[PDB]
Each structure stands twice: as C-alpha cells, then as structure tokens.
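For this one, two forms of the same chain are given in structure tokens, first as structure 1 and then as structure 2.
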Structure 1
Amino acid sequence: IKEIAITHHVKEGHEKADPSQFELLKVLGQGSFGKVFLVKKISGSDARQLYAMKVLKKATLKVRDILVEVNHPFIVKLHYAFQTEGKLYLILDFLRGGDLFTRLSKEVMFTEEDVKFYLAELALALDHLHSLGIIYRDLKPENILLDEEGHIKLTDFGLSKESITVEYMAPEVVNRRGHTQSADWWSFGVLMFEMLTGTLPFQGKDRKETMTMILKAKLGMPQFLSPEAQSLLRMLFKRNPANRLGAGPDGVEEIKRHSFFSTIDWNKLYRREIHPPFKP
C-alpha cells in the first residue's frame, strides 16, 4: 500500500490559496473528523465563489495527479489543499442539495426504481475509486450528498483523515482479518437494504453487539421487494469477500449486468442524461 500524503493542491486554472483568501459564512455540517464550513473566496480568479471547507490535522490517500484522477461526475471535487500551523485545509465543491437520506425522508411514496437510480450513480463512483486502487472504507449515508440538480455526490474520495458507524462495515473489516474493495460492495448492500426497507440489517444495543451480528447473525430477506432486488441483496451479502458480487473476474460488470439494474443505461447515467427521481 502506497500512502500518499496530502499537503498541497491547486486545481488547474486556480492560483495557490491560503487561509487569508477565505472568509467563514456558516457551518454546513459535522462529520466524524470535524465540522464542515461554508466559505467564500475573497480574492483571485474565483473571487466570490462559495466552497465547502474541512480543517484537519492531516490526511493521506492509501493506494493499493491522483488528486485530479479522482475527479468524477458523482464525487466531490477538491479545489485546493494547503497546510498552515500544523493544520490541513481542504477546499471542496459546495454541494447544495443536502444529503440523500434527508431528501428521501421528505417523500412518502418512493419506489424501488427511485432508489435504483441513486444506487447506480453510487456504483459508478465506487468503481471509479477502485479503478485507482482506492477503497472508500467508511461509506455511510452522511457521505452521500446531492448537488443542485439532484445527482449523487460523495463527500470524500477515500482519504484517511486525522481530526485536529460500524453498521455499514463489512465482516472482514469488523474482525480486522483483511480489506479489499469488496468491503465497499458490502456497505453498498447495507445502504440498499436500508433505503428499500427503512431499517438496518444489523444493529444491536451497542457497537460490540452490532459487530457480532455483522459476523454471525441471520438476516431475513425482505419479502416485498422485487425478485431482482432480493437477488442483488443475496449476492452482496456474502460474508466471504471473494464470493461477493463485484469481486469476480468481471469486477464491477458483475454488478452492472445484474437484473436489478437492467433498466439502467450506464453510459447515459454517467453523462447525467437521466433525470433524478426527485429535485432538491
């Protein structure tokens, strides 16, 4: 594993930035690694532009140019990174659509096909990262936002962060036995399960018990899902990572060709030709 320290970045077009070129407007949210702020760029070619800002102690990209390669239609863009006073500042797209789960909660009647749209965009994003040797690792609802047009935007791209949710973690991750991109497809299944049923597949009274459940508990198949949805769940919820959908020879194509996704034109999806089920 090649660990790439994140210390500096300037998007093409921009000029090198520093803390004095921004002003704080408000807090956008709070993550495990700290608050996320709304900031305004006060000077430079992009003066007056709004961005999100994270302030960490440090961040590294573990990989089994890169900060440009991770660019994708459904992944947040990093515009700047700089360090000042033992702190790392990350300046990112301001994602304006709020989180996906909140948008879904505002809808009484959403369908399997609605959820399928968001899962499909998420799958493209995940595979993109995998293609670069990156594993998302900590995929959870709070990382899945929407842009102003209602398309998926992940809030990170696999950074291992240090500041200044076991429910989504794969069995092989829980027991510290190993770790590959296959773990991301388990998390993917958990998100699918949760969006389609309104409940988590594994959750105990505390983290200790949740972990044991992930490793050994039975799981009932939701009976009011389509046969295709049930099949995808069965294929993602393999505790042996080598046998999990997406881990075979054809990789992500195993997922894209699955009957659940038969309605999706992946090329049109990538190009954002398909209208999202709901608008911000």
Structure 2
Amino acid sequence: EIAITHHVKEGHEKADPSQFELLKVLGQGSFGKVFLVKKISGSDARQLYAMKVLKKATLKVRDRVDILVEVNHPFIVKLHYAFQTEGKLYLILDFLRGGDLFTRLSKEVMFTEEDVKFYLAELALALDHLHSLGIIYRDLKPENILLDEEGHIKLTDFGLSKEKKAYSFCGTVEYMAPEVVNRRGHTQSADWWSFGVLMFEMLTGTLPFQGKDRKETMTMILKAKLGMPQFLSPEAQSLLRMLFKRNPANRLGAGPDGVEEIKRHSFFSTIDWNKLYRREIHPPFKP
C-alpha cells in the first residue's frame, strides 16, 4: 500500500472535493487516470491542477521547518492539496503534461558522467529550493524523480513510501544517511548524502550500501567502507567522497553556503547554473 507524505506550507488552506471544478479526464500513461481541475476559491482561485484519486492510499501530513506567496520552480512539481473522502485519497498536483518516471529512463539507458552532470544539476537546484521551503526528505530516492515532456527533472515535493505496526516515517534504507538511520537527529545535510546515493546509482547502476536485509544495510551505512568504482573520474570520486562523509558536519553541502559547496565542485565545473535554471540546457535524453 502507498503512503503519500504532504509537507504542508505554513498558512496552508485546507481543501475538499467541492473547491474544484472538473475540466477534463486524461490518460497519462504511467500516471494513469488524471483529472484536470480548476480551483474555485482561495489564494490560488482559478488555478488549473492535476487531480489523482487513489484507492487504498495512506496520507501523512508533516510540518515544514516575510509573508511570501509561492511561485513555480522549474524543476519541482508540488502537492498543493491532499485530502481523504469515502475511502479515497485525493491529490491536487501541478499539472504535468506527458510526464514520466525517472526510473523508466534509468532502466533503459547507461548514464555517462556527462549525462549525470545534467540530471544532478537540475536535482541540486530543486532539492536546495525545497530546503529553503523547509522540506527535509530523509529518504530522497528515484521514485521522487519525474521527467517532464521535455526531459527535464521534476522533483516531487511530497514523499512516497510503500507500507504489522505502523510507523510515522517509513524510509527506504538504502538512501538514508547514517544520522537518519541512527534516529538521533538530523538536518538538511542528510539529503545531500541521499543526493550522493542517487549520483552513485546513476553512474554505476548499483547502490553504494546494500546488504541482504535492512539490518545489514543499516550496519553498512554506519560502518561499511565504500569501495569506490575506479572507472569513475577523479572529480566524480571526489564529489562522492565528500557527500559520503559520515559526520554530517563534514559533509559537502552542510556548510553555511549549503548547495553552493556542491555547485562549486569540480564535477560541476561545466554547468552554467543560470542557463540551467532558465531551462536553456537540453537533456541528454528526450522522451
């Protein structure tokens, strides 16, 4: 069973089925049946959204950590509303025409370092923006990563997990930083570890810390010395080593400059971050 985690923005305006006008019904391939709807009332009145109605899905609602009104970010899709009605979970999301799953692509292609620079660069901008909004992922993973019709990254701003006793947080262990596995407290720097795991997996098609079972994987995340694939460039190896520091205080991205520590790394030296943000760099793969 799926659990959706909604990180609600402060001053969130709770919703229900009656705040939405049905406009269209679409078949969106891997997304299944999607309703195009129009918000009737509130700050976002008249805004068009995608609506998903899930049978048997759990909703978890979490708080995030100047009175600003949010605007779109080029590499994020947002969950604006999530509410339960008669056994059904309604999700109101940014409309994503022709969207697809990153995992669909990753299964089909062999990424080079050049390819990964592009996807990780968009992902870094997205993740940092979520951090600024007060969202901490904990187990950022490929299921959180979509591609738009143009092949650009769309990071979901909501959590997705597969769920005898219920847990408030069900994380995919392979993507969790040591301090998260410890449950002894963590910050946004945990997500940069996960960013490193994503990078490692993109480059190698394997996970860096993987045991026979959750318990062993956890042991490995805490104590396992990572065998760095030698085919990787010095720059790739350097970035991975700096993201996989077990002490979060020493981890790249943990300093006051946060994501800039990553953006400044030699692995990303070819990236023009302003052109990237403007969506003026073409993806390695076009859907």
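Here the rigid core means the biggest group of C-alpha atoms that line up within 1.5 Å when the two forms are laid on top of each other. For numbering, take structure 1's sequence and count from 1.
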statement: A Cα shift of 2 Å or more between structure 1 and structure 2, after fitting the rigid core, is seen among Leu236, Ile214, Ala52, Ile255 only at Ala52
- request: Could you tell me whether the Cα atom of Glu15 shifts by at least 2 Å between structure 1 and structure 2 after core superposition?
  value: yes
field: Core fit, then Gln83 C-alpha moves 2 Å or more between structure 1 and structure 2
entry: yes
message: Please determine whether the C-alpha atom of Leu245 is displaced by 2 Å or more between structure 1 and structure 2 following superposition on the rigid core.
response: no
task: For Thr197, tell me the Cα shift between structure 1 and structure 2 once the rigid core is superposed, in Å to one decimal.
output: 0.9
query: What is the C-alpha shift for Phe37 between structure 1 and structure 2, rigid core superposed, to one decimal in Å?
result: 8.3
message: Once both forms are fitted on the core, what is the Cα shift for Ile134 between structure 1 and structure 2 in Å?
response: 2.0
